[PDB]
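Take a look at the structure set out below.
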Amino acid sequence: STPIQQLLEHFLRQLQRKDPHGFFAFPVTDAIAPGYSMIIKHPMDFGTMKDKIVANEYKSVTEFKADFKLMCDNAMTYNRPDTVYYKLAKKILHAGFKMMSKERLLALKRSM
């Protein structure tokens, strides 16, 4: 269980806590979101991100953040602004990028 794996697990646990209803837990289906797959070309979700951590597919924080951004951007593309999914995507995006900022990562660097 590599250091990066342990770190991303931690970030992921913190992010999933801001989604109590599990809207980002698993892939959005066409059954619950009509036409979704005709609009979103690269679906992403916490579940898929988890699997990639376990399989050791992320080489950096950068690559993990990219998948996280893809997830929020997908929500803000398919959904209209005045929806719960759009608003939660924005909120979580901002809190994710604050948690995983260059400046916080640097402070951590300096104390190791």
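Counting begins at 1 with the first residue of the sequence. Note that these values count all heavy atoms, side chains included, but never hydrogens, waters or copies made by symmetry.
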**Prompt:** Partners of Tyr78 by side chain to side chain donor-acceptor pair (under 3.5 Å), sequence neighbours excluded?
**Reply:** none
Would you be so kind as to tabulate the donor-acceptor pairs closer than 3.5 Å made by side chains of residues 105-112, with sequence neighbours excluded?
{"from": "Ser111", "atom 1": "OG", "to": "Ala107", "atom 2": "O", "distance (Å)": "3.4"}

**Message:** For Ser1, give me all partners under side chain to side chain donor-acceptor pair (under 3.5 Å), at least two apart in sequence or on another chain.
**Reply:** none
**Residues in ring pair (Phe, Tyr, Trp, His ring centres under 6.0 Å) contact with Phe46, at least two apart in sequence or another chain** = none
**Fill in**
d(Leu12 CG, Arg17 CZ) to nearest 0.5 Å is 12.5 Å
**Any residue meeting ring pair (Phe, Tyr, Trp, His ring centres under 6.0 Å) with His42, in chain and number order, not counting sequence neighbours** = none
**Asked** Going through the distances and angles, do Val28 and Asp45 end up as a side-chain contact (heavy atoms from CB on, under 4.5 Å)?
**Response** CA-CA 8 Å; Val28 180; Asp45 68 277; over 6 Å; no
Identify all side-chain donor-acceptor contacts of residues 92-101 below 3.5 Å with residues at least two apart in sequence or on another chain.
{"from": "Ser101", "atom 1": "OG", "to": "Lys98", "atom 2": "O", "distance (Å)": "3.4"}
{"from": "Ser101", "atom 1": "OG", "to": "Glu103", "atom 2": "OE1", "distance (Å)": "3.3"}
{"from": "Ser101", "atom 1": "OG", "to": "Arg104", "atom 2": "N", "distance (Å)": "3.2"}

**Residues in ring pair (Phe, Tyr, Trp, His ring centres under 6.0 Å) contact with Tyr85, at least two apart in sequence or another chain** = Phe23
Please output the side-chain donor-acceptor pairs of residues 31-38 that fall under 3.5 Å, not counting sequence neighbours, one pair per line with the distance.
{"from": "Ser37", "atom 1": "OG", "to": "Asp30", "atom 2": "OD1", "distance (Å)": "3.3"}
{"from": "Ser37", "atom 1": "OG", "to": "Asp30", "atom 2": "OD2", "distance (Å)": "2.6"}

**Prompt:** Do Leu15 and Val84 sit in the same hydrophobic cluster, where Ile, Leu, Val, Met, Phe, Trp and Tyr count as joined when their side-chain heavy atoms come under 4.5 Å apart?
**Reply:** yes
**Item:** Single-linkage hydrophobic cluster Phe24~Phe11, side-chain heavy atoms < 4.5 angstrom
**Value:** yes
**Prompt:** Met44 and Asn74: which non-hydrogen atoms are nearest, and at how many Å?
**Reply:** N-ND2, 3.7 Å
**Request:** Work out which heavy atom in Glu63 is nearest to a heavy atom in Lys59; give both atom names and the distance.
**Result:** OE1-N, 2.9 Å
**Request:** Mind checking side chain to side chain donor-acceptor pair (under 3.5 Å) for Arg13 and listing every partner two or more places apart, or none if nothing turns up?
**Result:** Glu9
**Prompt:** Does the pair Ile4 and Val61 meet the rule for a side-chain contact (heavy atoms from CB on, under 4.5 Å), with working shown?
**Reply:** CA-CA 8 Å; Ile4 192 50; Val61 171; 4.3 Å; yes
**Prompt:** Can you tell me how far the CG atom of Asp19 sits from the CG atom of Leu88, to the nearest 0.5 Å?
**Reply:** 5.5 Å
**Asked** What residues, two or more places apart in sequence or in another chain, satisfy ring pair (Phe, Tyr, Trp, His ring centres under 6.0 Å) together with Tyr58?
**Response** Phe64
**Prompt:** Mind checking what makes side chain to side chain donor-acceptor pair (under 3.5 Å) contact with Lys52, not counting sequence neighbours?
**Reply:** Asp67
**Prompt:** Which residue pairs pass the salt bridge (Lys or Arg N to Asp or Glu O under 4.0 Å) test with at least one member in residues 73-92, sequence neighbours excluded?
**Reply:** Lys69-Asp73, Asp82-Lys87
**Message:** Test of understanding: clusters of I, L, V, M, F, W, Y form through side-chain heavy atoms closer than 4.5 Å, transitively. Do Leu8 and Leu70 belong to the same one?
**Reply:** yes
**Item:** Test log, rule side-chain contact (heavy atoms from CB on, under 4.5 Å), inputs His10 and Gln6
**Value:** CA-CA 6 Å; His10 162 88; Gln6 281 166 357; over 6 Å; no
